[PDB]
Novice: 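My questions all concern the structure below.
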Protein chains: 2
Amino acid sequence: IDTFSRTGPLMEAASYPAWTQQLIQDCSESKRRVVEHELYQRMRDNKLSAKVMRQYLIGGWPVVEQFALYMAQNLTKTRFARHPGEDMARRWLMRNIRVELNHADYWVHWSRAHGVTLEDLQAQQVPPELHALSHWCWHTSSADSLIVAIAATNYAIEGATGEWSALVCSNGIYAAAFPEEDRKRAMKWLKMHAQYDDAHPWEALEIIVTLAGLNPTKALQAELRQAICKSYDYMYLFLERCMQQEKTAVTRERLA
Amino acid sequence: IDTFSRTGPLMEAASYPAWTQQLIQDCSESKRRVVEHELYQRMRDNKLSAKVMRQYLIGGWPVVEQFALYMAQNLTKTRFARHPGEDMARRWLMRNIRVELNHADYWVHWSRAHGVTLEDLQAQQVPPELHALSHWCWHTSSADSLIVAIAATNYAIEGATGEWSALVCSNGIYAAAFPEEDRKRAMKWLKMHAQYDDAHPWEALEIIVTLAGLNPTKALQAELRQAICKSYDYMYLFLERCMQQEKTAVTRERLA
Ligand SMILES: [Fe+3]
Ligand SMILES: [Fe+3]
């Protein structure tokens, strides 16, 4: 039968099959170097240059803006009661498209708190390293099977985002640095992803496991692993590019 | 500027521009012959043959099943803050995809109350006249602009469905004919579309008007009119085919 039904708690890796725990293990270094990135330890501490913060906010906009579109494209692949896990996916995507309703507006507000306008977001004047993640996300959402594109997006990106957003919010410095009257509106995107988002990536994982079952082929497993690590590696490419600019910007001002 | 902002109540035609009132007028006969169809006056009265009810339920399944997919495909066309009406559309589609969450399950339950199984729904053994509407809906959702495909679906179909569902429920006969213990579950799809759905088609219309503005080209107007009437005409083709079978089925039993 090969059919998966979770018994243990949603949030624990041990509630899933061995192949799923292996997938988590094989992806863990790719994830760690994003979710512990120096860029985020700096952001947490209010250290980032104006130039880099602006690049970060412009750069990350398209994935945010397009996020419910990735989901829409995956929902479009589904057919009612056709395969195990496919109904769960369809329902989940229908619920979670709505959960994204205001998230783009919250990014616009975060951005504005750093002097980045809607016009600047739309203009997308940032280096190409910063756009690669959105292109990959559209590509897999458009062309890959649902299970792979959900893994790339709702598992990989959302999971990483919950963790880096929490790191940014973890010691109160970044938030206290905003004036009080501006803070709630500026911090809203981060608080929504740092606090409220815990179960989401695990719900996506459970769907992916239900789709794949207890014994997926090695090839399917490799496809999931590669798609997940692609998402993490594009986040890492974006962060590395930002830090190279940070190092330049800060150096110029030390020497001046 | 050409920009539309509604002042009057949502539900009244007079709250919209002249071209929109004209569009309603030009489509009204196409709509009437669906929403007043003899098939529905019969269904209201519990008159339909078993054969036709079964064809109706199998036949109407794909549009129901696929409905949130049509919306998904239109959401995929949208871009944030790019054109007047486009944000309204994006938000609306994000909210309304969730509203459809259980509607397919409710159709499956309605169907089962008439002895039609999930297997029968999936098998789609009905005449080709009954499938044309789903093909058109996918086609416009896949290939036409958002404004046209929303008009074809969320305006035309949902509006017609609110009215025919209300006619079916309007005198209590159809519902009282179900045994009491089965009735709630059997009637749920109909009650959700006959009662709760009033504002939806008018919300879709308002979006379409905001997108088109106060002065759309004649060509855009004709495109909307043709797409709306295509949806109504495919509903009519489906109903006419059902009634031809009804007339045969009932005649055979009168003569026997
Ligand atoms: Fe979000
Ligand atoms: Fe519905």
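Computed from heavy atoms alone, side chains included, the values below leave out hydrogens, waters and symmetry copies. Chain A is the first sequence line, chain B the second, and so forth, proteins listed ahead of strands; every chain is numbered from 1.
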Novice: Checking B/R79 against chain A: side chain, backbone, both or neither under 4.5 Å from a heavy atom?
Specialist: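 Contact with chain A is through both the backbone and side chain of B/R79.
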
Novice: Non-hydrogen atoms of chain A under 4.5 Å away: do they reach the side chain of B/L93, the backbone, both or neither?
Specialist: neither

Novice: Does B/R6 pair with B/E206 as a salt bridge, N-O distance under 4.0 Å?
Specialist: yes

Novice: What do you reckon, are the aromatic ring centroids of A/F178 and A/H114 less than 6.0 Å apart?
Specialist: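 Judged by ring-centre distance (under 6.0 Å), A/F178 and A/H114 do meet the cut-off.
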
Novice: Specify which of A/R82, A/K77, A/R95 makes the most heavy-atom pairs with chain B at under 4.5 Å.
Specialist: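 Heavy-atom pairs under 4.5 Å are most numerous for A/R95.
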
Novice: Decide side chain to side chain donor-acceptor pair (under 3.5 Å) for A/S111 and A/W61; before the verdict, give the C-alpha distance in whole Å, the side-chain angles of both, and the deciding distance to 0.1 Å.
Specialist: CA-CA 9 Å; A/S111 292; A/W61 172 235; over 6 Å; no

Novice: Non-hydrogen atoms of chain A under 4.5 Å away: do they reach the side chain of B/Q122, the backbone, both or neither?
Specialist: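 The side chain, not the backbone.
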
Novice: Taking B/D105, B/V99, B/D87, B/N96 one by one, which has the highest count of heavy-atom pairs under 4.5 Å against chain A?
Specialist: B/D105

Novice: Below 4.5 Å from any heavy atom of chain A, which atoms of B/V108 appear? Answer side chain, backbone, both or neither.
Specialist: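 Just the side chain, heavy atoms under 4.5 Å.
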
Novice: Under 6.0 Å between the ring centres of A/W107 and A/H103?
Specialist: no

Novice: For B/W92 and B/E203, which I'm curious about, is there any donor-acceptor pair between the side chains at under 3.5 Å?
Specialist: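 The criterion, which ignores hydrogens and geometry beyond distance, is satisfied for B/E203 and B/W92.
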
